[PDB]
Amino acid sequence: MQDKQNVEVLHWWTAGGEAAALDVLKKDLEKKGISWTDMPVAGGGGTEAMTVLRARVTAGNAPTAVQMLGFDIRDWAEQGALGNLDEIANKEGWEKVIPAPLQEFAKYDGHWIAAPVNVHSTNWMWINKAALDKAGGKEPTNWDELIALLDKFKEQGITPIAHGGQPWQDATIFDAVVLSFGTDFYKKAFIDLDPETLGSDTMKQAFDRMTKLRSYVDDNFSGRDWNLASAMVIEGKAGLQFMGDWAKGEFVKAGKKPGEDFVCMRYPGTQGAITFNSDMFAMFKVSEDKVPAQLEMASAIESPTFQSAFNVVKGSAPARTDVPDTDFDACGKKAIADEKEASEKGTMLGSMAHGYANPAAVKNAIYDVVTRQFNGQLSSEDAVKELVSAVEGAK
């Protein structure tokens, strides 16, 4: 009669687009007789959710299912805190359809310990179509063209860059800025954590670009939620936003269409590469009674029909490679094709900002340097020195 199974889910999907996509999963589970106890922890990018999580686990109160990124997953797998999903994954044939870069994180010590939802990526620009057309309509391909477009936006009297001053958002931009100096440089810096690279003249140029981008954000940017920056571009109050494709979730929620109302492009100099992050659900070992629901949730997440429906709304690519792009809009189709290509070419690189490039300690030490340099507290020359010391001290 009434539902007899239930999942208690900690996640940070609280903005309108994110909430819309999550509704897809909730409805899916409900049809299976599984109700939902919602434990949302608001805060873009999940830092706040992870803080709540740590205190809860220390208190012997781990949630049944937890939204999680990258090296964070590994950290709990190492501790043996996560449920083994093998019996679902082996039987459902996950090995054949989940890209190897995601399996590095979804698997630990020979076992599936998370169910990957999607493949977001961070190196996008969201451009207001009306403002672009006012600016002559040319999509910027390189750095100089980007600056020329931002200058036109500025003379149009709008805020050229919609941005929120929070360390993770600053890092999100820096993903793409570093990426624009080439995939080799990005790997050397954020994946290999090579100190010569991190201290290079090229990294000094990257910070100089952040200074330039800083000059085009509005004076009230500090502390603004990412989705409120997205809204500025949606409303035509700002020209463009540099953000992961969760931003598209907002545009679609507002009824805006690719081509007509907005343009979606890779960050100039990064087409042909992606800086990826994959939201996964980790099922924490709790009561033995909860395991059937946990396994059902993992199965639901990896179902082809859900993999399409959820990601269409979310603004990410499916985690499964065998899910067709048919129901995706023009930007979602690009996301999928860019992922297949980057995967083939070895330019599908873990996002630093969103926890796929390096461990939390390193990520956080990078956040601090990037934030202070963007906010103008630190010169590019000094930022380079401090980045090397912070990274070396965190490894």
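Residue numbers run from 1 along the displayed sequence.
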Higher-B stretch (mean Cα B-factor, as the entry records it), 135-143 or 106-114: 135-143
So 342-350 or 26-34, which one's hotter by mean CA B-factor in the entry? 26-34
For the C-alpha B-factor as written in the entry, point me to the maximum among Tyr186, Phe71, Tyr216, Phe281. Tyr216
Would you mind finding, among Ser303, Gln271, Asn90, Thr172, the residue with the largest C-alpha temperature factor in the entry? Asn90
Quick tally, chain-level thirds of C-alpha B-factors: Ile127 sits in the middle
By the entry's values, the third containing the CA B factor of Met1 is the highest
Looking at the temperature factor on the CA atom of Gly83, which third of the chain's modelled residues does it land in? middle
Third assignment of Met232 from its chain's C-alpha B-factors: middle
Ranked against its chain, the third holding the CA B-factor of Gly199: highest
